[PDB]
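File shown here: start16.pdb, holding PDB, C-alpha atoms and all ligand atoms.
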ATOM      1  CA  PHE A   1       0.000   0.000   0.000
ATOM      2  CA  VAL A   2       1.090   3.571  -0.809
ATOM      3  CA  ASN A   3       0.514   6.800   1.160
ATOM      4  CA  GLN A   4      -2.575   8.550  -0.184
ATOM      5  CA  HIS A   5      -3.764  12.124  -0.514
ATOM      6  CA  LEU A   6      -7.514  11.969   0.150
ATOM      7  CA  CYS A   7      -9.977  14.884   0.551
ATOM      8  CA  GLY A   8     -13.741  14.914   1.039
ATOM      9  CA  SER A   9     -15.676  12.222  -0.787
ATOM     10  CA  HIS A  10     -12.408  10.509  -1.787
ATOM     11  CA  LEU A  11     -11.560   9.979   1.921
ATOM     12  CA  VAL A  12     -14.954   8.303   2.629
ATOM     13  CA  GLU A  13     -14.556   6.084  -0.457
ATOM     14  CA  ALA A  14     -11.198   4.949   0.963
ATOM     15  CA  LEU A  15     -12.777   4.239   4.399
ATOM     16  CA  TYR A  16     -15.498   2.229   2.684
ATOM     17  CA  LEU A  17     -12.861   0.151   0.822
ATOM     18  CA  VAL A  18     -10.674  -0.395   3.935
ATOM     19  CA  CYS A  19     -13.437  -1.067   6.458
ATOM     20  CA  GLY A  20     -15.938  -2.903   4.234
ATOM     21  CA  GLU A  21     -18.801  -4.691   6.041
ATOM     22  CA  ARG A  22     -17.142  -3.797   9.390
ATOM     23  CA  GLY A  23     -18.488  -0.226   8.853
ATOM     24  CA  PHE A  24     -16.771   2.993   9.911
ATOM     25  CA  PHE A  25     -17.105   6.401  11.583
ATOM     26  CA  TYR A  26     -16.418   9.552   9.586
ATOM     27  CA  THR A  27     -15.423  12.233  12.156
ATOM     28  CA  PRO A  28     -13.846  15.464  10.753
ATOM     29  CA  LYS A  29     -12.280  17.825  13.389
TER      30      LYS A  29
ATOM     31  CA  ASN B   1     -36.450   7.513  -4.380
ATOM     32  CA  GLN B   2     -33.360   5.502  -5.378
ATOM     33  CA  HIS B   3     -31.538   2.438  -4.028
ATOM     34  CA  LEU B   4     -28.214   3.585  -2.475
ATOM     35  CA  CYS B   5     -25.720   0.725  -1.902
ATOM     36  CA  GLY B   6     -22.057   0.431  -0.773
ATOM     37  CA  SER B   7     -19.730   3.192  -1.935
ATOM     38  CA  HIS B   8     -22.782   5.063  -3.370
ATOM     39  CA  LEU B   9     -24.482   4.943   0.054
ATOM     40  CA  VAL B  10     -21.476   6.488   1.862
ATOM     41  CA  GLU B  11     -21.008   9.215  -0.800
ATOM     42  CA  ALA B  12     -24.707  10.116  -0.230
ATOM     43  CA  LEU B  13     -23.917  10.225   3.530
ATOM     44  CA  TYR B  14     -20.963  12.508   2.937
ATOM     45  CA  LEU B  15     -23.136  14.779   0.805
ATOM     46  CA  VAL B  16     -26.013  15.032   3.300
ATOM     47  CA  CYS B  17     -23.853  15.113   6.513
ATOM     48  CA  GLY B  18     -20.591  16.820   5.404
ATOM     49  CA  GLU B  19     -18.447  18.135   8.270
ATOM     50  CA  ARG B  20     -21.122  16.986  10.793
ATOM     51  CA  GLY B  21     -19.514  13.534  10.204
ATOM     52  CA  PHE B  22     -21.530  10.267   9.946
ATOM     53  CA  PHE B  23     -21.554   6.563  10.824
ATOM     54  CA  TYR B  24     -21.820   3.721   8.290
ATOM     55  CA  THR B  25     -22.786   0.481  10.099
ATOM     56  CA  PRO B  26     -24.094  -2.429   7.915
ATOM     57  CA  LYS B  27     -24.278  -4.723  10.994
ATOM     58  CA  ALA B  28     -26.802  -2.379  12.687
TER      59      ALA B  28
ATOM     60  CA  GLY C   1     -30.178  -0.575   9.528
ATOM     61  CA  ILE C   2     -29.162   1.878   6.790
ATOM     62  CA  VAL C   3     -28.511  -0.949   4.293
ATOM     63  CA  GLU C   4     -32.006  -2.383   4.769
ATOM     64  CA  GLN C   5     -33.736   1.065   4.604
ATOM     65  CA  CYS C   6     -31.624   2.706   1.832
ATOM     66  CA  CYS C   7     -30.012  -0.119  -0.269
ATOM     67  CA  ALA C   8     -32.464  -3.061  -0.004
ATOM     68  CA  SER C   9     -35.437  -0.719   0.257
ATOM     69  CA  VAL C  10     -35.202   2.933  -0.857
ATOM     70  CA  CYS C  11     -34.834   6.042   1.273
ATOM     71  CA  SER C  12     -34.814   9.879   0.961
ATOM     72  CA  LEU C  13     -31.924  12.219   1.739
ATOM     73  CA  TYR C  14     -33.979  13.181   4.823
ATOM     74  CA  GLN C  15     -33.854   9.526   5.957
ATOM     75  CA  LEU C  16     -30.069   9.604   5.277
ATOM     76  CA  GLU C  17     -29.696  12.549   7.715
ATOM     77  CA  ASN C  18     -30.575  10.092  10.553
ATOM     78  CA  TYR C  19     -26.998   8.666  10.232
ATOM     79  CA  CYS C  20     -25.251  12.065  10.680
ATOM     80  CA  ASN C  21     -23.099  12.629  13.790
TER      81      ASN C  21
ATOM     82  CA  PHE D   1     -28.363  19.230   4.928
ATOM     83  CA  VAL D   2     -25.049  21.128   4.915
ATOM     84  CA  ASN D   3     -23.675  23.616   2.353
ATOM     85  CA  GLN D   4     -21.435  21.778  -0.099
ATOM     86  CA  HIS D   5     -18.384  22.616  -2.168
ATOM     87  CA  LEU D   6     -18.868  20.714  -5.435
ATOM     88  CA  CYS D   7     -16.771  20.926  -8.640
ATOM     89  CA  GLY D   8     -17.001  18.995 -11.900
ATOM     90  CA  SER D   9     -18.008  15.357 -11.609
ATOM     91  CA  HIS D  10     -18.796  15.840  -7.900
ATOM     92  CA  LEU D  11     -21.480  18.430  -8.816
ATOM     93  CA  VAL D  12     -23.204  16.020 -11.275
ATOM     94  CA  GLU D  13     -23.094  13.216  -8.680
ATOM     95  CA  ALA D  14     -24.895  15.566  -6.269
ATOM     96  CA  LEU D  15     -27.530  16.442  -8.933
ATOM     97  CA  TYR D  16     -28.053  12.740  -9.568
ATOM     98  CA  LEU D  17     -28.601  12.121  -5.819
ATOM     99  CA  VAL D  18     -30.950  15.128  -5.371
ATOM    100  CA  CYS D  19     -32.987  14.737  -8.557
ATOM    101  CA  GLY D  20     -33.065  10.931  -8.834
ATOM    102  CA  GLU D  21     -35.552   9.477 -11.357
ATOM    103  CA  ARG D  22     -36.896  13.027 -11.958
ATOM    104  CA  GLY D  23     -33.720  13.639 -14.053
ATOM    105  CA  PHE D  24     -31.826  16.919 -14.336
ATOM    106  CA  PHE D  25     -30.133  19.452 -16.625
ATOM    107  CA  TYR D  26     -26.424  20.152 -16.240
ATOM    108  CA  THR D  27     -25.869  23.692 -17.636
ATOM    109  CA  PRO D  28     -22.469  25.340 -16.852
ATOM    110  CA  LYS D  29     -22.213  29.104 -17.709
TER     111      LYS D  29
ATOM    112  CA  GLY E   1     -25.197  30.606 -11.700
ATOM    113  CA  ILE E   2     -25.803  28.108  -8.838
ATOM    114  CA  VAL E   3     -23.558  25.650 -10.765
ATOM    115  CA  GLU E   4     -20.605  28.097 -10.569
ATOM    116  CA  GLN E   5     -21.647  29.061  -6.971
ATOM    117  CA  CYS E   6     -21.199  25.414  -5.957
ATOM    118  CA  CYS E   7     -17.609  25.237  -7.210
ATOM    119  CA  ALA E   8     -16.228  28.790  -6.511
ATOM    120  CA  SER E   9     -18.145  29.068  -3.218
ATOM    121  CA  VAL E  10     -20.739  26.749  -1.586
ATOM    122  CA  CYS E  11     -24.321  25.810  -2.532
ATOM    123  CA  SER E  12     -27.254  23.907  -0.933
ATOM    124  CA  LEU E  13     -28.970  20.723  -2.086
ATOM    125  CA  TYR E  14     -32.074  22.952  -2.129
ATOM    126  CA  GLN E  15     -30.392  25.198  -4.757
ATOM    127  CA  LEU E  16     -29.497  22.055  -6.791
ATOM    128  CA  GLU E  17     -33.191  21.114  -6.665
ATOM    129  CA  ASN E  18     -33.677  23.971  -9.148
ATOM    130  CA  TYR E  19     -32.036  21.753 -11.868
ATOM    131  CA  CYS E  20     -34.333  18.700 -11.589
ATOM    132  CA  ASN E  21     -37.080  17.897 -14.125
TER     133      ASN E  21
ATOM    134  CA  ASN F   1     -19.332  -1.672 -24.833
ATOM    135  CA  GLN F   2     -20.357  -1.441 -21.161
ATOM    136  CA  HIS F   3     -23.630  -1.005 -19.258
ATOM    137  CA  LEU F   4     -23.700   2.532 -17.752
ATOM    138  CA  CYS F   5     -26.347   2.980 -15.011
ATOM    139  CA  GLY F   6     -27.307   5.743 -12.515
ATOM    140  CA  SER F   7     -24.435   7.761 -11.079
ATOM    141  CA  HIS F   8     -22.043   5.946 -13.501
ATOM    142  CA  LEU F   9     -24.201   7.033 -16.466
ATOM    143  CA  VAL F  10     -24.106  10.736 -15.480
ATOM    144  CA  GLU F  11     -20.328  10.676 -14.799
ATOM    145  CA  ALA F  12     -19.919   9.264 -18.356
ATOM    146  CA  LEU F  13     -22.127  12.167 -19.571
ATOM    147  CA  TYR F  14     -19.986  14.684 -17.736
ATOM    148  CA  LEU F  15     -16.863  13.154 -19.261
ATOM    149  CA  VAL F  16     -18.146  13.131 -22.856
ATOM    150  CA  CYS F  17     -20.059  16.495 -22.700
ATOM    151  CA  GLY F  18     -18.066  18.587 -20.165
ATOM    152  CA  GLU F  19     -18.787  22.329 -20.296
ATOM    153  CA  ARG F  20     -21.204  21.756 -23.241
ATOM    154  CA  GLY F  21     -23.605  20.648 -20.437
ATOM    155  CA  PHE F  22     -26.019  17.671 -20.761
ATOM    156  CA  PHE F  23     -29.493  16.388 -19.880
ATOM    157  CA  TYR F  24     -30.207  13.229 -17.859
ATOM    158  CA  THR F  25     -33.868  12.199 -18.346
ATOM    159  CA  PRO F  26     -34.836   8.604 -17.304
ATOM    160  CA  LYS F  27     -38.527   9.310 -18.113
ATOM    161  CA  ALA F  28     -37.667  10.022 -21.785
TER     162      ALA F  28
ATOM    163  CA  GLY G   1     -34.277   6.892 -23.613
ATOM    164  CA  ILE G   2     -30.676   6.977 -22.358
ATOM    165  CA  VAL G   3     -31.410   4.398 -19.627
ATOM    166  CA  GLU G   4     -32.800   1.901 -22.142
ATOM    167  CA  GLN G   5     -29.943   2.457 -24.679
ATOM    168  CA  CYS G   6     -26.978   2.777 -22.241
ATOM    169  CA  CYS G   7     -27.962   1.026 -18.931
ATOM    170  CA  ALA G   8     -30.432  -1.723 -19.972
ATOM    171  CA  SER G   9     -28.698  -2.186 -23.313
ATOM    172  CA  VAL G  10     -25.124  -0.952 -23.893
ATOM    173  CA  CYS G  11     -23.954   2.144 -25.733
ATOM    174  CA  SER G  12     -20.719   3.846 -26.937
ATOM    175  CA  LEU G  13     -19.365   7.220 -25.833
ATOM    176  CA  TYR G  14     -20.454   8.411 -29.305
ATOM    177  CA  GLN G  15     -24.046   7.404 -28.446
ATOM    178  CA  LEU G  16     -23.613   9.280 -25.116
ATOM    179  CA  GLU G  17     -22.761  12.493 -27.041
ATOM    180  CA  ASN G  18     -26.427  12.550 -28.233
ATOM    181  CA  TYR G  19     -27.404  13.788 -24.706
ATOM    182  CA  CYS G  20     -24.996  16.790 -24.736
ATOM    183  CA  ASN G  21     -26.463  20.321 -24.710
TER     184      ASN G  21
ATOM    185  CA  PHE H   1     -15.778  14.817 -27.020
ATOM    186  CA  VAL H   2     -14.299  17.729 -25.037
ATOM    187  CA  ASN H   3     -10.782  18.157 -23.593
ATOM    188  CA  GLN H   4     -10.776  17.045 -19.964
ATOM    189  CA  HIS H   5      -8.886  17.978 -16.825
ATOM    190  CA  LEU H   6      -8.406  14.688 -14.962
ATOM    191  CA  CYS H   7      -6.312  14.023 -11.817
ATOM    192  CA  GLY H   8      -5.861  10.875  -9.744
ATOM    193  CA  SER H   9      -8.914   8.666  -9.391
ATOM    194  CA  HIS H  10     -10.777  10.775 -11.979
ATOM    195  CA  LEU H  11      -8.134   9.863 -14.612
ATOM    196  CA  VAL H  12      -8.534   6.092 -13.949
ATOM    197  CA  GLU H  13     -12.339   6.418 -14.108
ATOM    198  CA  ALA H  14     -11.918   8.018 -17.549
ATOM    199  CA  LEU H  15      -9.575   5.188 -18.690
ATOM    200  CA  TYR H  16     -12.122   2.651 -17.482
ATOM    201  CA  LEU H  17     -14.887   4.387 -19.502
ATOM    202  CA  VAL H  18     -12.745   4.743 -22.673
ATOM    203  CA  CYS H  19     -11.097   1.318 -22.632
ATOM    204  CA  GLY H  20     -13.950  -0.776 -21.202
ATOM    205  CA  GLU H  21     -13.542  -4.575 -21.461
ATOM    206  CA  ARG H  22     -10.343  -4.013 -23.515
ATOM    207  CA  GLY H  23      -8.620  -3.134 -20.183
ATOM    208  CA  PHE H  24      -5.864  -0.564 -19.701
ATOM    209  CA  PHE H  25      -2.480   0.250 -18.150
ATOM    210  CA  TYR H  26      -2.200   3.059 -15.616
ATOM    211  CA  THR H  27       1.453   4.251 -15.763
ATOM    212  CA  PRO H  28       2.248   7.594 -14.006
ATOM    213  CA  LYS H  29       5.755   9.058 -14.733
TER     214      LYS H  29
ATOM    215  CA  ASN I   1     -14.382  -8.861   1.990
ATOM    216  CA  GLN I   2     -16.420  -7.041  -0.679
ATOM    217  CA  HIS I   3     -17.194  -7.585  -4.372
ATOM    218  CA  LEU I   4     -15.300  -4.935  -6.415
ATOM    219  CA  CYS I   5     -16.582  -4.568 -10.013
ATOM    220  CA  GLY I   6     -15.894  -2.206 -12.968
ATOM    221  CA  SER I   7     -15.197   1.414 -12.080
ATOM    222  CA  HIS I   8     -15.192   0.424  -8.352
ATOM    223  CA  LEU I   9     -12.503  -2.207  -9.042
ATOM    224  CA  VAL I  10     -10.164   0.294 -10.762
ATOM    225  CA  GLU I  11     -10.666   2.958  -8.043
ATOM    226  CA  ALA I  12      -9.630   0.261  -5.501
ATOM    227  CA  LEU I  13      -6.562  -0.401  -7.720
ATOM    228  CA  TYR I  14      -5.703   3.279  -7.788
ATOM    229  CA  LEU I  15      -6.025   3.433  -4.007
ATOM    230  CA  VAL I  16      -3.844   0.382  -3.298
ATOM    231  CA  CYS I  17      -1.247   0.990  -6.106
ATOM    232  CA  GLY I  18      -1.149   4.815  -6.476
ATOM    233  CA  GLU I  19       1.910   6.142  -8.327
ATOM    234  CA  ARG I  20       3.271   2.552  -8.641
ATOM    235  CA  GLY I  21       0.714   2.340 -11.516
ATOM    236  CA  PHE I  22      -1.426  -0.776 -12.230
ATOM    237  CA  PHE I  23      -2.941  -2.931 -14.978
ATOM    238  CA  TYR I  24      -6.670  -3.636 -15.393
ATOM    239  CA  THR I  25      -7.151  -6.643 -17.723
ATOM    240  CA  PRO I  26     -10.628  -8.334 -17.715
ATOM    241  CA  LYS I  27      -9.535 -10.708 -20.534
ATOM    242  CA  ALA I  28      -6.748 -12.163 -18.334
TER     243      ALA I  28
ATOM    244  CA  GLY J   1      -8.159 -12.828 -13.622
ATOM    245  CA  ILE J   2      -8.893  -9.836 -11.373
ATOM    246  CA  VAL J   3     -12.593  -9.819 -12.353
ATOM    247  CA  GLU J   4     -13.032 -13.469 -11.365
ATOM    248  CA  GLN J   5     -11.080 -13.087  -8.055
ATOM    249  CA  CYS J   6     -12.341  -9.613  -6.969
ATOM    250  CA  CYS J   7     -15.732  -8.973  -8.723
ATOM    251  CA  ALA J   8     -17.254 -12.462  -9.218
ATOM    252  CA  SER J   9     -15.610 -13.763  -6.057
ATOM    253  CA  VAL J  10     -14.318 -11.382  -3.358
ATOM    254  CA  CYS J  11     -10.754 -10.320  -2.641
ATOM    255  CA  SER J  12      -8.706  -8.306  -0.079
ATOM    256  CA  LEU J  13      -6.713  -5.137  -0.731
ATOM    257  CA  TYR J  14      -3.646  -7.397  -0.358
ATOM    258  CA  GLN J  15      -4.927  -9.501  -3.289
ATOM    259  CA  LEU J  16      -5.467  -6.214  -5.213
ATOM    260  CA  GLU J  17      -1.755  -5.340  -4.752
ATOM    261  CA  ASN J  18      -0.945  -8.261  -7.135
ATOM    262  CA  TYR J  19      -2.095  -6.007 -10.056
ATOM    263  CA  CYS J  20       0.279  -3.108  -9.185
ATOM    264  CA  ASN J  21       3.083  -2.232 -11.633
TER     265      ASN J  21
ATOM    266  CA  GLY K   1      -6.536  14.049  13.261
ATOM    267  CA  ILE K   2      -5.733  11.317  10.674
ATOM    268  CA  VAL K   3      -8.773  12.578   8.683
ATOM    269  CA  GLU K   4      -7.184  16.057   8.341
ATOM    270  CA  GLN K   5      -3.714  14.419   7.852
ATOM    271  CA  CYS K   6      -5.091  12.618   4.787
ATOM    272  CA  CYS K   7      -6.240  15.829   3.096
ATOM    273  CA  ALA K   8      -3.568  18.424   4.165
ATOM    274  CA  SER K   9      -0.743  15.863   3.922
ATOM    275  CA  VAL K  10      -0.797  12.079   3.249
ATOM    276  CA  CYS K  11      -2.077   9.111   5.288
ATOM    277  CA  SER K  12      -1.904   5.275   5.100
ATOM    278  CA  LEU K  13      -4.715   2.757   4.685
ATOM    279  CA  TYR K  14      -3.380   1.405   8.001
ATOM    280  CA  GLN K  15      -4.158   4.785   9.662
ATOM    281  CA  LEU K  16      -7.678   4.675   8.111
ATOM    282  CA  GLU K  17      -8.100   1.234   9.701
ATOM    283  CA  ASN K  18      -8.373   3.140  12.996
ATOM    284  CA  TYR K  19     -11.897   4.323  11.905
ATOM    285  CA  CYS K  20     -13.477   0.897  11.238
ATOM    286  CA  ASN K  21     -15.958  -0.773  13.621
TER     287      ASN K  21
ATOM    288  CA  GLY L   1       3.327  11.806 -20.549
ATOM    289  CA  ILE L   2      -0.389  12.022 -21.519
ATOM    290  CA  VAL L   3      -1.194  10.941 -17.917
ATOM    291  CA  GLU L   4       0.597  14.037 -16.521
ATOM    292  CA  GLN L   5      -0.813  16.160 -19.429
ATOM    293  CA  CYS L   6      -4.331  15.275 -18.256
ATOM    294  CA  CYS L   7      -3.749  16.546 -14.715
ATOM    295  CA  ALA L   8      -1.369  19.563 -15.215
ATOM    296  CA  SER L   9      -3.128  20.632 -18.432
ATOM    297  CA  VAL L  10      -5.933  18.968 -20.467
ATOM    298  CA  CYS L  11      -6.063  15.763 -22.545
ATOM    299  CA  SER L  12      -8.514  14.080 -24.983
ATOM    300  CA  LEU L  13     -10.323  10.758 -24.665
ATOM    301  CA  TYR L  14      -8.492   9.968 -27.926
ATOM    302  CA  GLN L  15      -5.130  10.420 -26.116
ATOM    303  CA  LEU L  16      -6.399   8.125 -23.300
ATOM    304  CA  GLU L  17      -7.182   5.529 -25.982
ATOM    305  CA  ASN L  18      -3.398   5.075 -26.198
ATOM    306  CA  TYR L  19      -3.524   3.248 -22.783
ATOM    307  CA  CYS L  20      -6.093   0.546 -23.666
ATOM    308  CA  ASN L  21      -5.158  -3.097 -24.360
TER     309      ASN L  21
HETATM  310 CL    CL M 101     -11.388  16.087  -6.708
HETATM  311 CL    CL M 102     -22.503   0.254  -8.900
HETATM  312 ZN    ZN M 103     -12.621  14.330  -6.951
HETATM  313 ZN    ZN M 104     -21.366   1.874  -8.676
END
Write the structure described by the file as structure tokens, please.
Amino acid sequence: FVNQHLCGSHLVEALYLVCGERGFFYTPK
Amino acid sequence: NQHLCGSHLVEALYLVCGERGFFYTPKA
Amino acid sequence: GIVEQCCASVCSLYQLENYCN
Amino acid sequence: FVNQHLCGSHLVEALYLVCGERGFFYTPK
Amino acid sequence: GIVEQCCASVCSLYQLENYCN
Amino acid sequence: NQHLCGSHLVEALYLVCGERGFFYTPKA
Amino acid sequence: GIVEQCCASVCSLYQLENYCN
Amino acid sequence: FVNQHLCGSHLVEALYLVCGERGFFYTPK
Amino acid sequence: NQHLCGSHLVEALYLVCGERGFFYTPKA
Amino acid sequence: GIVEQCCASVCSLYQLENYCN
Amino acid sequence: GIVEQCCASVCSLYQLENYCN
Amino acid sequence: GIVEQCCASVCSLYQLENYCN
């Protein structure tokens, strides 16, 4: 895996791909 | 209304919620 | 949950707001 | 709903989500 | 218009509703 | 050729049409 | 319409150009 | 077809749409 | 694990591979 | 190929790395 | 946090793993 | 190359055709 630059909707796409059926929390500062 | 599934469901959550944040929990 | 309401069934953006923090 | 910053393909995704089966016109200036 | 507002600034989903059929 | 549906169909329209604009009309 | 030609059936990017303004 | 400004994931989406079942190589410099 | 198809499969490849580049070959 | 392993079946991001250049 | 790191800088998929259930 | 042209500048779908199998 590479380091990624991920803003906005791209970040939540990445979380979806990583977490899958486990689900995830999106929590911006 | 539309069916929103997987990556499309979370992009709709981002849209609606934005910097409020959100939770995506299939198991719920 | 969300998958049942929005993916299996259909839902509005208003319904989607229920999953906001 | 929050205010959104939406450029290019992200704007048309948003229009798709809002308008749904109603359809929509994409008309940049 | 609202289109350009969205990208240079911010816009609401309500504003986008103006573009539906 | 591919099947292009929903959000994928409009992103293909954006790509092809760009600043010409486009119409997406399922009812048509 | 577009859904029948491009989603139900398949279509080329050339066919897609028919929906440009 | 119009000229397009395409970075990152948007470029690979475009390659997918153009190439289809033919497949493609993504090769950044 | 999830099913990753079409445009979703290549965006997952971009994510994982990045500036390493990748190949998408359905015929393989 | 990738379609069989990742789309038809399922695969991990580790499996996806096998298609990196 | 990692969220902001991702957008202002870079982040790993490993870091994103911290946000799963 | 064309890849970098696309992001720093603009490119055509025709140019992208050069990357298909
Ligand atoms: Cl972007
Ligand atoms: Cl899909
Ligand atoms: Zn983007
Ligand atoms: Zn999809």
Shell around residue 29 of chain D at 8 Å using only C-alpha atoms, local window under 4 positions removed, as a PyMOL selection string
chain E and resi 1+3-4
Could you tell me which residues of chain B sit within 7 Å of chain C when counting only C-alpha atoms, and give me the result as a PyMOL selection string?
chain B and resi 1-5+13+16-17+20-23+26+28
With chain I held fixed, move chain B onto it by a least-squares fit of all C-alpha atoms in order and give the output as a compact mmCIF listing (two decimals) with C-alpha atoms, keeping the file's coordinate frame.
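Final output, saved to selection11.txt:
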# COMPACT_ATOMS: atom_id res chain seq x y z
CA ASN B 1 -14.38 -8.86 1.99
CA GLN B 2 -16.42 -7.04 -0.68
CA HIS B 3 -17.19 -7.58 -4.37
CA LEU B 4 -15.30 -4.94 -6.41
CA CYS B 5 -16.58 -4.57 -10.01
CA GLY B 6 -15.89 -2.21 -12.97
CA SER B 7 -15.20 1.41 -12.08
CA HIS B 8 -15.19 0.42 -8.35
CA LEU B 9 -12.50 -2.21 -9.04
CA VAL B 10 -10.16 0.29 -10.76
CA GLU B 11 -10.67 2.96 -8.04
CA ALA B 12 -9.63 0.26 -5.50
CA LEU B 13 -6.56 -0.40 -7.72
CA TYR B 14 -5.70 3.28 -7.79
CA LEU B 15 -6.03 3.43 -4.01
CA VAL B 16 -3.84 0.38 -3.30
CA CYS B 17 -1.25 0.99 -6.11
CA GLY B 18 -1.15 4.82 -6.48
CA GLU B 19 1.91 6.14 -8.33
CA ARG B 20 3.27 2.55 -8.64
CA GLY B 21 0.71 2.34 -11.52
CA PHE B 22 -1.43 -0.78 -12.23
CA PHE B 23 -2.94 -2.93 -14.98
CA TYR B 24 -6.67 -3.64 -15.39
CA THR B 25 -7.15 -6.64 -17.72
CA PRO B 26 -10.63 -8.33 -17.72
CA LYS B 27 -9.53 -10.71 -20.53
CA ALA B 28 -6.75 -12.16 -18.33
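Of note, atom CA of residue 16 of chain H and atom CA of residue 9 of chain D are spaced 15.2 Å apart.
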Taking a cut-off of 9 Å and counting all atoms listed in the file, can you build a table that, for each residue of chain B near ligand ZN 104 (chain M), reports the nearest atom pair and how far apart they are in Å (one decimal), sorted by chain then residue number, as JSON lines?
{"residue": "B:5", "atom": "CA", "partner": "M:ZN104", "partner_atom": "ZN", "distance": 8.1}
{"residue": "B:6", "atom": "CA", "partner": "M:ZN104", "partner_atom": "ZN", "distance": 8.1}
{"residue": "B:7", "atom": "CA", "partner": "M:ZN104", "partner_atom": "ZN", "distance": 7.1}
{"residue": "B:8", "atom": "CA", "partner": "M:ZN104", "partner_atom": "ZN", "distance": 6.4}
Any chance you could fit chain L onto chain J with least squares, all Cα atoms in order, and share the moved copy as a tab-separated table (two decimals) with C-alpha atoms, in the coordinates of the input?
chain	number	residue	atom	x	y	z
L	1	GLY	CA	-8.21	-14.08	-12.51
L	2	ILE	CA	-8.23	-11.95	-9.31
L	3	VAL	CA	-10.12	-9.28	-11.32
L	4	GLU	CA	-12.99	-11.73	-12.00
L	5	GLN	CA	-12.65	-13.13	-8.41
L	6	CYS	CA	-13.37	-9.63	-7.07
L	7	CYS	CA	-16.65	-9.30	-8.97
L	8	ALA	CA	-18.06	-12.91	-8.99
L	9	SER	CA	-16.81	-13.59	-5.44
L	10	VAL	CA	-14.63	-11.50	-3.07
L	11	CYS	CA	-10.96	-10.45	-3.18
L	12	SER	CA	-8.43	-8.76	-0.82
L	13	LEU	CA	-6.60	-5.46	-1.22
L	14	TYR	CA	-3.50	-7.67	-0.93
L	15	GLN	CA	-4.59	-9.57	-4.09
L	16	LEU	CA	-5.14	-6.20	-5.86
L	17	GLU	CA	-1.57	-5.29	-4.91
L	18	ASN	CA	-0.54	-7.82	-7.57
L	19	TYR	CA	-1.68	-5.28	-10.27
L	20	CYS	CA	0.45	-2.28	-9.18
L	21	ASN	CA	3.62	-1.18	-11.02
Please return, as a VMD selection string, all residues of chain A lying within 12 Å of chain H when only C-alpha atoms are considered.
chain A and resid 4 to 7 9 to 11 13 to 14
Straight-line distance linking atom CA of residue 27 of chain B with atom CA of residue 10 of chain I, stated in Å to one decimal:
26.4 Å
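Taking atom CA of residue 9 of chain I as the reference point, atom CA of residue 25 of chain I is found at 11.1 Å.
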